[PDB]
Amino acid sequence: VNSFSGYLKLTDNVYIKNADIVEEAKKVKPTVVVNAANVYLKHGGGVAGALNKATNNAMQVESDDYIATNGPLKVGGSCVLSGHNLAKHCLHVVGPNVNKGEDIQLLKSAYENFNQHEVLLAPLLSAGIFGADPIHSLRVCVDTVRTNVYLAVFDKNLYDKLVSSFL
Ligand SMILES: CC(C)[C@]1(CO)CCCN(c2ncnc3[nH]ccc23)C1
């Protein structure tokens, strides 16, 4: 039993809800929140910009130190950093950005990072400003993630479309 509330169950381990991941993180304080990161951990917009703003820029400060030490992430890769006031940990995961021409097959590799964590609150990878089809992102998620994932979908219209078309 965990503290997540109001989700629709898609499968044994995948759940979905119309929610702002920032407000959801602040209420649940999950062990792991997933950020829709880029390789430079520059949290300017989309989910990343929103999560970072909610940390009063502490996420960006921590991220800049991480990059200065380690260099950029790989597309499809991840790193674990602090969750600040939102979660115990933030798993920064880099899905391919279609608007940069990155290979969509890397979306499966991106979701594989979730399997290192028993329970996660997460957005749909490569959705939104990353340019991929969110119905495909949900499908890859379901077919790749085996741990318990709670997907927060900001757009109510998109949320309803994701459910009604799910197989
Ligand atoms: C389609 C999908 C990739 C998105 C909608 O879920 C697109 C728009 C930005 N994304 C967010 N998702 C959940 N919570 C959020 N809070 C602020 C932004 C945000 C991801």
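Note: hydrogens, waters and symmetry copies are ignored here, and every other heavy atom, side chains too, is used. Here, residue 1 is the first one in the sequence, and each next residue gets the next number.
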Taking only residues two or more places apart in sequence, or in another chain, which ones meet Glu62 in a side-chain contact (heavy atoms from CB on, under 4.5 Å)? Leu81, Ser82, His84
Donor-acceptor pairs are to be reported for all side-chain atoms of residues 67-80 against protein atoms at under 3.5 Å, with residues two or more places apart or in another chain.
{"unit_1": "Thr69", "atom_1": "OG1", "unit_2": "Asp65", "atom_2": "O", "d": "3.2"}
{"unit_1": "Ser78", "atom_1": "OG", "unit_2": "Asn113", "atom_2": "OD1", "d": "2.8"}

Of all pairs that satisfy salt bridge (charged side-chain N to carboxylate O under 4.0 Å, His left out), the ones with a partner from residues 104-118, not counting sequence neighbours: none
Could you work out, with side-chain contact (heavy atoms from CB on, under 4.5 Å) as the rule, every residue matching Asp64, not counting sequence neighbours? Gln60
Residues 77-106 vs salt bridge (charged side-chain N to carboxylate O under 4.0 Å, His left out), sequence neighbours excluded, gives none
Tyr66: what forms a ring-ring contact (aromatic ring centres under 6.0 Å, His included) with it, not counting sequence neighbours? none
Which residues share a salt bridge (charged side-chain N to carboxylate O under 4.0 Å, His left out) with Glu24, sequence neighbours left out: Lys17
Which donor-acceptor pairs under 3.5 Å do the side chains of residues 30-37 make with protein atoms, sequence neighbours left out?
{"unit_1": "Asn35", "atom_1": "OD1", "unit_2": "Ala48", "atom_2": "N", "d": "3.4"}
{"unit_1": "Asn35", "atom_1": "ND2", "unit_2": "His43", "atom_2": "ND1", "d": "3.2"}
{"unit_1": "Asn35", "atom_1": "ND2", "unit_2": "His92", "atom_2": "ND1", "d": "3.0"}

Scan the side chains in residues 124-140 for donor-acceptor partners under 3.5 Å anywhere in the protein, sequence neighbours excluded, and list what turns up.
{"unit_1": "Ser126", "atom_1": "OG", "unit_2": "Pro96", "atom_2": "O", "d": "2.7"}
{"unit_1": "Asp133", "atom_1": "OD1", "unit_2": "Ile135", "atom_2": "N", "d": "3.1"}
{"unit_1": "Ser137", "atom_1": "OG", "unit_2": "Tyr111", "atom_2": "OH", "d": "2.6"}
{"unit_1": "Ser137", "atom_1": "OG", "unit_2": "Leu125", "atom_2": "N", "d": "3.4"}
{"unit_1": "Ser137", "atom_1": "OG", "unit_2": "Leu125", "atom_2": "O", "d": "2.6"}
{"unit_1": "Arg139", "atom_1": "NE", "unit_2": "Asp143", "atom_2": "OD2", "d": "3.2"}
{"unit_1": "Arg139", "atom_1": "NH1", "unit_2": "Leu167", "atom_2": "O", "d": "3.0"}
{"unit_1": "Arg139", "atom_1": "NH2", "unit_2": "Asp143", "atom_2": "OD1", "d": "3.0"}

All pairs passing side-chain hydrogen bond (donor to acceptor under 3.5 Å, both in side chains) where residues 157-167 contributes a residue, at least two apart: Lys156-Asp160
With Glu23 via salt bridge (charged side-chain N to carboxylate O under 4.0 Å, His left out) - residues at least two apart: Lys26
Holding to side-chain contact (heavy atoms from CB on, under 4.5 Å), I want the full list of residues that pass it with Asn85, two or more places apart in sequence or in another chain. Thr55
